[PDB]
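K.L.:
Mind having a look at this structure? Questions to follow.
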Amino acid sequence: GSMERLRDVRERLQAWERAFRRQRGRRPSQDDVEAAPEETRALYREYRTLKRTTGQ
């Protein structure tokens, strides 16, 4: 179905958390969070809130 969206999102999330926890090594800040666009913000905050809350 959505190969372009899934590919972009999947890659965006992977790289995101990748370098994120690599340099940040902790919860993000309003500076980096508000730095990203709406779409990205939702995606990041989504996997971030789910991963942080859940703990998986």
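Naming works like this for the structure tokens: A, B, ... for the chains as they're shown, residue 1 at the start of each chain, ligands 1 onward in shown order.
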Would you return as a ChimeraX atom specification the members of chain A that DSSP assigns to helix (DSSP H, G or I) on this structure's backbone?
P.N.:
/A:3-24,30-33,38-54
K.L.:
Which of these, A:19, A:27, A:46, A:39, has the shortest distance to residue 5 in chain A once you count only C-alpha atoms?
P.N.:
A:39
K.L.:
Would you mind reading off the distance between CA of residue 14 in chain A and CA of residue 2 in chain A, one decimal, in Å?
P.N.:
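These atoms are spaced 17.5 Å apart.
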K.L.:
Quick one: pull the distance between CA of residue 41 in chain A and CA of residue 4 in chain A, Å, one decimal.
P.N.:
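A separation of 18.5 Å between them.
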K.L.:
Name the residues in contact with residue 16 in chain A at a cut-off of 8 Å, using only C-alpha atoms, excluding same-chain residues fewer than 4 positions from it; report them as a ChimeraX atom specification.
P.N.:
/A:12,20,44
K.L.:
Report, in Å to a single decimal, how far apart CA of residue 7 in chain A and CA of residue 25 in chain A are.
P.N.:
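If I compute the distance from CA of residue 25 in chain A to CA of residue 7 in chain A, I get 25.1 Å.
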K.L.:
Determine the nearest neighbour of residue 11 in chain A from the options A:40, A:56, A:49, A:29, counting only C-alpha atoms.
P.N.:
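Looking only at the distances to residue 11 in chain A, the closest residue turns out to be A:40.
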K.L.:
Using only C-alpha atoms, which of A:51, A:45, A:17, A:9 sits nearest residue 30 in chain A?
P.N.:
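Of A:51, A:45, A:17, A:9, the one nearest residue 30 in chain A, counting only C-alpha atoms, is A:45.
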